[PDB]
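[1] No sequence on hand, only this structure:
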Ligand SMILES: CCCCCCCCCCCCCCCCCC(=O)OC[C@H](COP(=O)(O)OCCN)OC(=O)CCCCCCCCCCCCCCCCC
Ligand SMILES: CCCCCCCCCCCCCCCCCCCC
């Protein structure tokens, strides 16, 4: 239980680290899909079965498919990207990495000072999630449908060819 | 038996890694990818927080989070396609027409 | 908690605007008609505005484990609906010159108004997040509505990337807050701490991350750099909506969150917000000294006015009229920004193609457009805190609120920023009258809207008692 | 010695300071989105550090 | 329980054996034997429609497993949800967004 959580967390961390330091867009998206699979494994180890199911159904099954669709539509051969190596020069990445590391230590210090009895890992089924979704969260569902409609309308208006 | 702090640390690590990818990458596509990593890390933190307390609130907020993430990815990819169609490049530093 | 018929009649503006969205979409799918779709949009928004009276008859209660309806929700829903109606009225003459499809604009305006109403009614972290994104995504559409134009596309890209980053920050902050507390209700954010340990590190860090997200959404320093570029690149009715409705709804939900959360009394959050408000006032006033563009100048004006709003926000737990001061200031700032950006939009309408510049050229506006120049200088004096204007009444309320809580650094910031704002606002108002070298009733409707806004500002600056009584009547739940 | 009104210049000094501060602050509005994201992260670091220090 | 850990072991063995079997047949195929246009935006529109309707589908997935517990109120809420979804689909169809050939 905890073994799967730790291994999948390490796999997701390594995959995201390889995502942010890669030049090939398709390789970056493949490592991103691997990180999404690992994060869904983390979800399944914590008992949030619906979270992992929607992570691989939608996040690794719709959004990343859309990203790969756009990448292969553009035919990105690394023009002025593969030949630049700009993010690998230390004068570019030393600053932001130091800043993100400082923020990480601040957030870690904040995290380590909270009450923690641990996670029992009892499986929260999709039945209870659907009960809460159409019970105390009706307006959340309806306005989330409204938000998805708004995003669909905007993306149609912007991404037309004419 | 898994600590909540370790899951929150994993979520924070993924969040700052996605933010670093958003900052240091000049490509708009890698900026959108880093944004996707950040919102997924926030959703992971919500799922860990919900599963610690034994509530469906974390999964409901994750559902809203991935609805927003899907819509935002669609919006950013539409804008990226418009940029690549009308400028033939994805240089985010070159698109700096108004300033000051 | 389930939904009763009383809960349904308390849900009237949300349901009315959503039904308007569905009806407008079905009308677009039937036949693309600009006039009919705009008429349906404004009729739906007016129906929500007049169903607010039935909501007020229904009383104040909690409608959801998420929403809460009281006079707070009434006032901010009315402000958001008025801003959306003015945005549609300014948008029609601008859209008359649009070669591409025009009917999606009103759909996006309606959905953003729905998000604003949800933010006004929000009593939950989930509702606050959903209202923020329901405001943001239609603004992504409206800012880059003229995506052929380079400025609008650049502003859309910048706004989308930065708002996605701020939404990730805000969601991570809510996640840390929920991990600390265990309940997502506004009142329960800190109820599990007592005897002087309110400053829990995880709760403080989470609230700081949502402070980062909301300070992006309210153009607060140092998350303010997007404001002049997004304000300039976006269309002028979009600039009107982004200046008024989004800021009003987000500041109203921030008011409700900081009023209801017990952790809002913590001193570290108040000191951080004091530093943010001080820097926001000083920076937004200083950075507009030498702006030849009206849109960037109004963006820095928005930064400074939101700094004044945050100054009124800090004394919420000490004073008694702080939320009343915020309401009066927000009504005055709504009318001021509505008049200013409406004059900008009426000069920028119709849309004269994407390859041609949208330059304002405000110098000598009186010699061909005297009424619009009079309105523009009235709103310029209103934004400066100059008396017999509603902006002065809001500034007086902010000053009294700061005086009550001994926040003298913020008061000195308000005075210095008022002097710098006086300089650039009077420069614009006097450049209106120097020397430099329509034909439909929608343009007349927009001119009537800006004239009514100017007359309202003048009357409620001379006689501010009815607005004060209305704002005091909008009493939330203790 | 006083025909140039030295006290007027002394009281006009804050106007020059305000103009210089505004010119210096306008350099942050360079129009670069990556700098905007970096400034947002800088503000997040500053806010979190201030909250951790003052807790 | 013995049954649940046995089932977890069986599922792990299934996954491992399937992946290793495909890897082993790839290795065997590699081992044996001697030697000697611009894409349109309609694909993006289709994929984006798939993404948006898949998220609305996930909401319906959550609803469908708890129809009995939600009662008629949940049926009403899902009716407004499905009506909004169908209005969006009709809007997409009627403007030619889902039509490939112009
Ligand atoms: C071995 C060294 C490394 C070798 C190379 C990498 C191989 C893959 C490593 C990651 C995936 C496997 C991790 C180990 C899982 C073993 C099974 C396990 O731990 O089950 C525990 C638990 C079973 O369910 P539960 O009811 O909680 O049981 C508690 C016991 N009373 O399980 C759960 O609750 C959920 C279990 C996890 C979720 C399902 C599996 C997800 C797999 C994600 C793979 C991602 C991609 C990896 C790519 C690697 C190569 C790049
Ligand atoms: C103090 C609050 C505001 C009061 C009204 C301020 C003035 C508004 C505009 C009225 C019309 C001005 C016309 C000026 C004409 C100047 C002509 C100069 C000729 C050399």
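    Happy to help now that I have it. Numbering: from 1, shown residues only, chains lettered A, B, ... in the order given. Ligands and ions are numbered 1, 2, ... in the order given.

[2] ok, now which ones touch residue 29?
    I'll assume chain A. Contacts for residue A:29 (C-beta atoms under 8 Å, 6 or more residues apart in numbering or on different chains) come out as A:64, A:67, A:68, A:71, B:33. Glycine gets a C-beta too; all of them are placed from N, C-alpha and C.

[3] nope, chain B please
    Taking C-beta under 8 Å, 6+ apart as the contact definition, residue B:29 lies against A:25, A:67, A:70, A:71, A:76, B:80, B:90.

[4] do whatever helix or strand residue B:11 lives in and ligand 1 meet?
    Per DSSP states H and E: residue B:11 is located in helix B:4-24. No: using C-beta under 6 Å from any ligand atom, no contact is recorded between helix B:4-24 and ligand 1, whose separation bottoms out at 13.7 Å.

[5] Next one: that helix, is it in contact with chain C?
    Yes: counting by C-beta under 8 Å from any C-beta of the partner chain, chain C has neighbours in helix B:4-24: B:4, B:8, B:11, B:12, B:15, B:18, B:19, B:22.

[6] Now for the residue nearest to the last one when sequence neighbours are not counted, how many residues are close by?
    Closest residue in space to residue B:22, ignoring its immediate chain neighbours: residue B:34 at 3.4 Å, by C-beta to C-beta, 6 or more residues apart in numbering or on different chains. Using other C-beta atoms under 10 Å in any protein chain shown, residue B:34 has 28 other residues around it.

[7] got it, and residue C:127?
    Neighbour count of residue C:127, defined by other C-beta under 10 Å: 26.

[8] can you list the residues that contact stretch C:41-54?
    The contact list for stretch C:41-54 (C-beta under 8 Å, 6+ apart) reads C:9, C:12-13, C:16-17, C:19-21, C:23-24, C:74, C:77-78, C:81-82, C:84-85, C:88-89, C:106-107, C:109-110, C:113, C:117.

[9] Give the buried subset of these as a PyMOL selection command.
    In PyMOL syntax, the buried subset of the contacts of stretch C:41-54 is picked out as below (16 or more other C-beta atoms under 10 Å in any protein chain shown):
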select buried, chain C and resi 9+12+13+16+17+20+21+23+24+74+77+78+81+82+84+85+88+89+106+107+109+110+113+117
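
[10] Quick one: mark the members of the contacts of stretch C:41-54 that sit in helices.
    Using DSSP state H, the members of those that fall in helices are C:9, C:12-13, C:16-17, C:19-21, C:23-24, C:74, C:77-78, C:81-82, C:84-85, C:88-89, C:106-107, C:109-110, C:113, C:117.

[11] Where does the residue in chain D positioned nearest to ligand 2 sit, in terms of helix or strand?
    Taking C-beta to the nearest ligand atom, ligand 2 has its nearest neighbour within chain D at residue D:15, 23.9 Å off. Residue D:15 is part of helix D:6-25, with elements assigned from DSSP H and E.

[12] buried set for that helix?
    For helix D:6-25, a neighbour-count test (16+ other C-beta under 10 Å) marks D:18, D:21, D:22, D:25 as buried.

[13] same thing with stretch C:408-420?
    By 16+ other C-beta under 10 Å, the buried positions in stretch C:408-420 come out as C:410, C:411, C:413, C:414, C:416, C:417, C:418, C:420.

[14] just stretch E:44-51 next, same as before
    Neighbour-count burial for stretch E:44-51, with 16+ other C-beta under 10 Å as criterion, is recorded at E:44, E:45, E:47, E:48, E:49, E:50, E:51.

[15] ok, the third one - contacts?
    In this case it means residue E:47. So, once contact is read as C-beta under 8 Å, 6+ apart, residue E:47 ends up touching A:65, A:66, A:69.

[16] Next step: those restricted to helices.
    Here DSSP H is the test, and the contacts of residue E:47 give A:65, A:66, A:69 as lying in helices.

[17] so the last one sits right up against residue E:41, yeah?
    To tie it back to what came earlier, the one meant is residue A:69. No: under the criterion of C-beta atoms under 8 Å, residue A:69 lies out of contact with residue E:41, with a separation of 10.7 Å.

[18] filter the buried residues of stretch C:408-420 down to the ones close to chain D.
    Contacts with chain D within those, as defined by C-beta under 8 Å from any C-beta: residue C:420.

[19] wait, which of the buried residues of stretch C:408-420 is closest to residue B:86?
    Distances from these to residue B:86 were compared by C-beta to C-beta; the smallest belongs to residue C:420, at 38.7 Å.

[20] In three-state terms, how would the closest one be classified?
    Classification of residue C:420 by DSSP: H, G, I helix; E, B strand; the rest coil places it in helix.

[21] quick one, what contacts residue A:161?
    With contacts taken as C-beta under 8 Å, 6+ apart, residue A:161 has the following neighbours: B:85, E:40, E:41, E:42.

[22] and if you look at residue B:61?
    For residue B:61, the contacting residues are B:43, B:46, B:50, C:125, C:126, C:129, C:174, C:175, C:178, C:184, by C-beta under 8 Å, 6+ apart.

[23] about what we covered before: filter the contacts of residue A:161 to the buried ones?
    Buried subset of the contacts of residue A:161 (neighbour count, 16+ other C-beta under 10 Å): B:85, E:41, E:42.

[24] can you put the residues of helix B:4-24 next to chain C in a markdown table and add neighbour count?
    As requested, the residues of helix B:4-24 next to chain C are exported to a markdown table (neighbours: other C-beta atoms under 10 Å in any protein chain shown):
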| residue | neighbour count |
| --- | --- |
| B:4 | 22 |
| B:8 | 27 |
| B:11 | 29 |
| B:12 | 25 |
| B:15 | 29 |
| B:18 | 26 |
| B:19 | 29 |
| B:22 | 30 |
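
[25] Which of those residues sits closest to residue C:447?
    When the residues of helix B:4-24 next to chain C are compared against residue C:447 (criterion: C-beta to C-beta), the nearest one is residue B:22, at 44.0 Å.

[26] so where do the helices sit in the stretch 201-350 of chain C?
    For the stretch 201-350 of chain C, helices defined by DSSP state H, counting those that start in this stretch occupy the ranges C:201-217, C:226-233, C:236-241, C:247-260, C:267-286, C:294-314, C:322-348.

[27] Save these as TSV, and put in distance to chain E too.
    Below are the helices of the stretch 201-350 of chain C laid out as TSV (distance: least, C-beta to the nearest C-beta, whole Å):
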stretch	distance to chain E
helix C:201-217	22
helix C:226-233	23
helix C:236-241	22
helix C:247-260	22
helix C:267-286	35
helix C:294-314	31
helix C:322-348	27
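
[28] now, of those, which is deepest in the fold?
    Sort the helices of the stretch 201-350 of chain C by mean neighbour count, taking mean count of other C-beta atoms under 10 Å in any protein chain shown, and helix C:236-241 sits at the top with a mean of 30.

[29] Just want the most central residue of chain E.
    In chain E, the residue lying closest to the centroid (C-alpha atoms, centre = their mean) is residue E:54, at 7.3 Å.
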